[PDB]
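Have a look at the structure below before the remarks.
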Amino acid sequence: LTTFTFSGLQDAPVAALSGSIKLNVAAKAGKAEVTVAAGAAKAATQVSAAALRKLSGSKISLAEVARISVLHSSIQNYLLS
Amino acid sequence: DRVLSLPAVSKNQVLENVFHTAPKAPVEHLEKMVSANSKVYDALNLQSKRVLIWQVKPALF
């Protein structure tokens, strides 16, 4: 990812596509009332338009924990396949 | 020559032509597939102590 990202609360996903998790956002001009519902649990917070923009500030940068290496595990997954 | 009126095929040659092959046990299919499916359990279960799921699809952390 780059240093500056320009997405969040504009042209966003408004609703979920599955039934396994129920998403409901309510966008005003400034903030948004998101309502998430997964399983028995529920949560609903207020995400500002400048709260999603600070999300991509410090990146996650996922990386694979392999037994030997990612190369070897992809060959061994093919031999298992 | 009374022995030439006895059946010339021995009692030995009957017991080796009637019992020619050692027969397959009923339990040797169980205890040979079970020991081979215990390796299918080990490698491929998700509750085994030696699963291959972290060796073939390394986890994204």
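To be explicit about the labels: the chains of the structure tokens are called A, B, and onward in the order shown, and within each one the residues are counted from 1, while ligands get numbers from 1 in the order they are shown.
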Next on the checklist: Quick check: residues of chain A within 8 Å of chain B, only C-alpha atoms, returned as number ranges by chain.
Outcome noted: A: 62-68, 70, 73-74, 76-77, 80
Taking N, CA, C and O atoms for each residue, export the selection above as a PDB file, in the first residue's frame.
```pdb
ATOM      1  N   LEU A  62       0.308  -7.941   6.574  1.00  0.00           N
ATOM      2  CA  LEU A  62       0.228  -9.347   6.925  1.00  0.00           C
ATOM      3  C   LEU A  62       1.351 -10.130   6.276  1.00  0.00           C
ATOM      4  O   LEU A  62       1.815  -9.806   5.185  1.00  0.00           O
ATOM      5  N   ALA A  63       1.787 -11.176   6.961  1.00  0.00           N
ATOM      6  CA  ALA A  63       2.852 -12.002   6.438  1.00  0.00           C
ATOM      7  C   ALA A  63       2.692 -13.398   6.983  1.00  0.00           C
ATOM      8  O   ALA A  63       2.239 -13.592   8.107  1.00  0.00           O
ATOM      9  N   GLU A  64       3.094 -14.365   6.180  1.00  0.00           N
ATOM     10  CA  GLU A  64       2.755 -15.749   6.413  1.00  0.00           C
ATOM     11  C   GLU A  64       3.774 -16.387   7.332  1.00  0.00           C
ATOM     12  O   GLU A  64       4.979 -16.248   7.125  1.00  0.00           O
ATOM     13  N   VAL A  65       3.284 -17.079   8.348  1.00  0.00           N
ATOM     14  CA  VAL A  65       4.127 -17.854   9.239  1.00  0.00           C
ATOM     15  C   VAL A  65       4.156 -19.269   8.694  1.00  0.00           C
ATOM     16  O   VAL A  65       3.169 -19.996   8.779  1.00  0.00           O
ATOM     17  N   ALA A  66       5.277 -19.659   8.119  1.00  0.00           N
ATOM     18  CA  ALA A  66       5.393 -20.944   7.469  1.00  0.00           C
ATOM     19  C   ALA A  66       6.274 -21.853   8.297  1.00  0.00           C
ATOM     20  O   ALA A  66       7.058 -21.395   9.124  1.00  0.00           O
ATOM     21  N   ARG A  67       6.112 -23.155   8.093  1.00  0.00           N
ATOM     22  CA  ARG A  67       6.925 -24.102   8.837  1.00  0.00           C
ATOM     23  C   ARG A  67       8.362 -24.032   8.384  1.00  0.00           C
ATOM     24  O   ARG A  67       9.277 -23.944   9.203  1.00  0.00           O
ATOM     25  N   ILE A  68       8.580 -24.040   7.081  1.00  0.00           N
ATOM     26  CA  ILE A  68       9.900 -23.885   6.502  1.00  0.00           C
ATOM     27  C   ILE A  68       9.998 -22.594   5.709  1.00  0.00           C
ATOM     28  O   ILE A  68      10.737 -21.690   6.081  1.00  0.00           O
ATOM     29  N   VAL A  70       7.534 -20.053   2.561  1.00  0.00           N
ATOM     30  CA  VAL A  70       6.328 -19.941   1.759  1.00  0.00           C
ATOM     31  C   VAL A  70       6.494 -20.668   0.444  1.00  0.00           C
ATOM     32  O   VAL A  70       5.525 -21.186  -0.109  1.00  0.00           O
ATOM     33  N   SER A  73       6.122 -24.511   1.308  1.00  0.00           N
ATOM     34  CA  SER A  73       4.753 -24.834   1.652  1.00  0.00           C
ATOM     35  C   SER A  73       3.836 -24.815   0.458  1.00  0.00           C
ATOM     36  O   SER A  73       2.755 -25.377   0.527  1.00  0.00           O
ATOM     37  N   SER A  74       4.224 -24.156  -0.618  1.00  0.00           N
ATOM     38  CA  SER A  74       3.416 -24.141  -1.820  1.00  0.00           C
ATOM     39  C   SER A  74       3.724 -25.316  -2.710  1.00  0.00           C
ATOM     40  O   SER A  74       2.886 -25.709  -3.519  1.00  0.00           O
ATOM     41  N   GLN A  76       4.732 -28.220  -1.190  1.00  0.00           N
ATOM     42  CA  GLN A  76       4.167 -29.293  -0.389  1.00  0.00           C
ATOM     43  C   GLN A  76       2.656 -29.300  -0.445  1.00  0.00           C
ATOM     44  O   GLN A  76       2.043 -30.357  -0.329  1.00  0.00           O
ATOM     45  N   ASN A  77       2.036 -28.149  -0.628  1.00  0.00           N
ATOM     46  CA  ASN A  77       0.602 -28.130  -0.832  1.00  0.00           C
ATOM     47  C   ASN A  77       0.236 -28.695  -2.181  1.00  0.00           C
ATOM     48  O   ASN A  77      -0.857 -29.225  -2.347  1.00  0.00           O
ATOM     49  N   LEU A  80       0.549 -32.468  -1.725  1.00  0.00           N
ATOM     50  CA  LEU A  80      -0.642 -32.907  -1.013  1.00  0.00           C
ATOM     51  C   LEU A  80      -1.854 -32.871  -1.914  1.00  0.00           C
ATOM     52  O   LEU A  80      -2.778 -33.656  -1.746  1.00  0.00           O
TER      53      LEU A  80
END
```
Next on the checklist: Going by DSSP on the backbone, which residues of chain A come out as strand (DSSP E)? List them as JSON, numbers by chain.
Outcome noted: {"A": [21, 22, 23, 24, 25, 26, 27, 31, 32, 33, 34, 35, 36, 37, 38, 41, 42, 43, 46, 47, 48, 64, 65]}
Item to check | Expected answer as a ChimeraX atom specification: helix (DSSP H, G or I) residues in chain B | outcome: /B:2-4,11-15,30-44,53-56
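Distance-wise, CA of residue 44 (chain B) and CA of residue 78 (chain A) end up 14.7 Å apart.
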Checklist entry - Mind pulling up the distance from CA of residue 48 (chain A) to CA of residue 10 (chain A)? => result 11.2 Å
Checklist entry - Quick one: residues within 9 Å of residue 47 (chain A), only C-alpha atoms counted, chain neighbours fewer than 3 positions away excluded, as a list in words? => result residues 9, 31, 32, 33, 34, 50, 51 and 52 of chain A
